[PDB]
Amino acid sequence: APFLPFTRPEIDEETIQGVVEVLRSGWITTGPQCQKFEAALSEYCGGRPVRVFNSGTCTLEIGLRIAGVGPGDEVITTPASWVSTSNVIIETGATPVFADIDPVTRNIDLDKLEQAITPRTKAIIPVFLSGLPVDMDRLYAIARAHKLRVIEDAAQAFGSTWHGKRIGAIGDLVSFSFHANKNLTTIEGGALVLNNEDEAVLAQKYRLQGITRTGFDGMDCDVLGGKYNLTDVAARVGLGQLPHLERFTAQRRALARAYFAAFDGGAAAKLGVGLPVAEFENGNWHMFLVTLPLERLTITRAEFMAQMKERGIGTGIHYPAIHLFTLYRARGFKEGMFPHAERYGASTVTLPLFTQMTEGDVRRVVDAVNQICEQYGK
């Protein structure tokens, strides 16, 4: 059997031809394709202004800057996320504050978020882990009551909805990633959804060195911007992906259903492998995240992953707890501070989930997980 990675993009020949056209045109960096992609994303978001960038990390940072976040301010987020989520807070000069996760959803616990608010809090970065939104009504009730800005880390949630409305069409500032591994890709890239045109102009300034050009020779810099513009090659890939979004999301929901059906009654389930929430309305099923019952295994997580690889199956880790990293320990974080995120971060494994998978592939994965639990379970 061929090796089964945990993700793989699905890029059609029409999109590849589009990229060829862009390269042959000689107009290869930011240009008409980016304009078209911004317009398409804006219409997807119900007409809200959208600006595209070379990642879904800079979008977070720029969101914070638009919200006025800087030295002396606190921003609350989750430790169960990619480290950029809190590193961007540090980049602004602000102080990252963590709140623990709900062990069932693996997302930030909204009661713990509320409990972390102080007079210094200025913004919140919720993460939609696996593409699963939090309770968006509750999130914004908290933000409204405490007069906080929200920069949604929807990196994984392009195509997700909350009670029938799109992530991106609701809320405050919304950040998406189009990394290769995401449900829709531009190779690397991202987008920020704004509330109004003034915020979009500021976003544009931060995107490229704070520079505004006017006429043939007018130039000024009024903002300390960075280097964050997206190429037209990348934008063309995004434009080619968009018409497939609905189908991709449906495919991923079908695969997730197949996982639950396959796991039911097996050795892994019996041993205590922890499955994600079985819901098929809101999340876009970007990943299939399970937890190993470490106390009931005679092998480490690393060994478990090695055993999956021996069976030809790739796995990942999304994610170890941020606050236990060396840089964060130096800021004053320790074990015991976020027990749910710490248990999750030590035990989580990412199983294959991508649009070209078959039900057979799902059964192969579950077979391997069962076999390892049967052999090595206490």
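Position 1 is the first residue in the sequence shown; the rest follow in order.
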Look up the CA B-factors in the entry and say which stretch, 342-350 or 64-72, has the higher mean.
-> 64-72
Higher of the two mean Cα B-factors (48-56, 333-341; per PDB record) comes from 333-341
Which of these, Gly159, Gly190, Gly218, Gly238, has its C-alpha atom at the highest B-factor, as the entry lists it?
-> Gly218
Of the residues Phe37, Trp27, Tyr319, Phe325, the one whose Cα carries the largest B-factor in the deposited record is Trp27
Divide the modelled residues of the chain into thirds by Cα B-factor and specify which third, lowest, middle or highest, holds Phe248.
-> middle
Name the third of the chain's ranked CA B-factors that contains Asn282, choosing lowest, middle or highest.
-> middle
Grab the CA temperature factor for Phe178 from the record and place it in the lowest, middle or highest third of its chain.
-> lowest
Using the B-factors in the PDB entry, rank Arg301's C-alpha atom against the chain and give the third, lowest, middle or highest.
-> lowest
According to the PDB entry, is the CA B factor of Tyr228 in the bottom, middle or top third of its chain, that is, lowest, middle or highest?
-> lowest
